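As the structure lists them, so they are numbered: ligands from 1, and atoms in each ligand from 1. In what follows, residues are counted from 1 in the order of the sequence shown.
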Amino acid sequence: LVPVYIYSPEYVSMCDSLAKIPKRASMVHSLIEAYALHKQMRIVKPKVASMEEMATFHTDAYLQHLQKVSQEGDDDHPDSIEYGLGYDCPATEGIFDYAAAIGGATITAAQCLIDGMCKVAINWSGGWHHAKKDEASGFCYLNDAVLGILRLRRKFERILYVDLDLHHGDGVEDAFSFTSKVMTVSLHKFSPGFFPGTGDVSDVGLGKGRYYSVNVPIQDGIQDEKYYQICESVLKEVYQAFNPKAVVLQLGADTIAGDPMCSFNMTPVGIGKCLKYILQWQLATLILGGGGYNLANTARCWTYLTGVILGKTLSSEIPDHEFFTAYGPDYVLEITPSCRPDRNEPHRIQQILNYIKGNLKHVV
Ligand SMILES: CC(/C=C/C(=O)NO)=C\[C@@H](C)C(=O)c1ccc(N(C)C)cc1
Ligand SMILES: CC(/C=C/C(=O)NO)=C\[C@@H](C)C(=O)c1ccc(N(C)C)cc1
Ligand SMILES: [Ca+2]
Ligand SMILES: [Ca+2]
Ligand code: NA
Ligand code: NA
Ligand SMILES: [Zn+2]
């Protein structure tokens, strides 16, 4: 009944251990702990993913490469560019243990769901949706979202994956594009030159998986009310057509106003309405983080969302804690909307929604 919270001091240290990658995990946990929300949850220490468990999705060659680079390298390896390592996925020591930790945490969350320990299990340090079987991409060395889905698939026949990160969940979609057993639904920015470039409304999966991928392309500057209307429209149609047995929900906070991504104009309240809608299905739900690069804002967001999972309304005052100064100058939980135009034309949104509805008529 109480949500599972995947946490250990070791796990947070590991998630924060990569050189030059900013130290977000501790900020997120510390804020949740400052609000004492961990006391309302079942704190579960994550296992570390074994080679075999990561190999459920990732190829041997890619994993072995990740391990070699994690030990000795940064440069000096011929295969690293092809394996996707570089600027947005740096080759630095510990990347393999980092990946193992996050993969293991999400799998642990899934296992908790399978065992009926909880109906909601949270890994705020996961959601790394871009990684492919054989390739790192966009901060994702390992696709823990895919690993979570595959773990859930041990018990639950049909999984719905919902990706509310600013970016297209291409790695997860690709993993499951050829099957009807997993439906992926991604809302994301879709614009010429915008990472990773994929996820147009016309991308619907392939083969046995045709029409079991859903992509919702959204433009800059969308705010809470409009986003939720879109999200609810699509998810209502998805739930009725697909009838998921479990849900994996990726809640990247890079949609939030003030993010360096400077794209969407959301607040945690808007994302929270989407979360509430999904939670109301009362299915086993695995909650992941993802992007989120205004670190304080991301902690504000996921803390707030932890609150909605718990059905609690949190104080607007940020409580004193380790990273309190990071919340200045206002020291409040709430995020303001930037003064930025909403580039989403109602008519285009309706067209997109009509198209998805047409597609979902083939499900399933
Ligand atoms: C990869 C990504 C986000 C993905 C995501 O959020 N997945 O959902 C954004 C790219 C476009 C980017 O802007 C960037 C910025 C800085 C940087 N370093 C400082 C190393 C590396 C990449
Ligand atoms: C995207 C960005 C800034 C872009 C910009 O445009 N800045 O101006 C910075 C990245 C490095 C970042 O902050 C980050 C944090 C955590 C993380 N993981 C927990 C995997 C991966 C990346
Ligand atoms: Ca394999
Ligand atoms: Ca089977
Ligand atoms: Na997304
Ligand atoms: Na699919
Ligand atoms: Zn993102």
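A donor-acceptor contact closer than 3.5 angstrom is absent between the side chains of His129 and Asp170. Under the 3.5 Å distance criterion, with hydrogens and angles disregarded, a donor-acceptor pair is assigned to the side chains of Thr106 and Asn123. Counted by atom type alone, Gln111 and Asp115 present one or more donor-acceptor pairs between their side chains at under 3.5 Å.
Distance check: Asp165 CG to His188 NE2 gives 10.5 Å after rounding to the nearest 0.5 Å.
At the Na ion (ligand 5), the angle from OG in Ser186 to OD1 in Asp163 is 90° when rounded to 10°.
The Na ion (ligand 5) sits nearest to atom O when only the N, O or S atoms of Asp165 are considered. Checked against the Zn ion (ligand 7), the N, O or S atom of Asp165 at the shortest distance is OD1. Taking the Zn ion (ligand 7) as reference, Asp254 places its N/O/S atom OD2 nearest.
Of the residues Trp302, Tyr5, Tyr7, the one that meets the ring pair (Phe, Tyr, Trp, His ring centres under 6.0 Å) test with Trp124 is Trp302.
Using a 4.0 Å cut-off to heavy atoms of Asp165, the atoms of ligand 1 that qualify are 7 (N), 8 (O).
In this structure, the ring of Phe195 has its center no less than 6.0 angstrom from the ring center of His168.
Side-chain atoms of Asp174 never come within 3.5 Å of backbone atoms of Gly171 as a donor-acceptor pair (strictly under, hydrogens ignored).
The distance from the Na ion (ligand 5) to the nearest N/O/S atom of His167 is under 3.0 Å. Contact annotation: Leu187 places an N, O or S atom under 3.0 Å from the Na ion (ligand 5). With 2.8 Å as the limit, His167 counts as an N, O or S neighbour of the Zn ion (ligand 7).
For atom 3 (C) of ligand 1, the candidate residues are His130, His129, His167; the nearest heavy-atom contact is made by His167. Comparing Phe195, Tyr293, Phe139 against atom 6 (O) of ligand 1, the shortest heavy-atom distance belongs to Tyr293. Considering each of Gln250, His188, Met261, the one bringing a non-hydrogen atom nearest atom 9 (C) of ligand 1 is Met261.
The pair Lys273-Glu232 does not meet the salt-bridge criterion, since no charged nitrogen lies less than 4.0 angstrom from a carboxylate oxygen.
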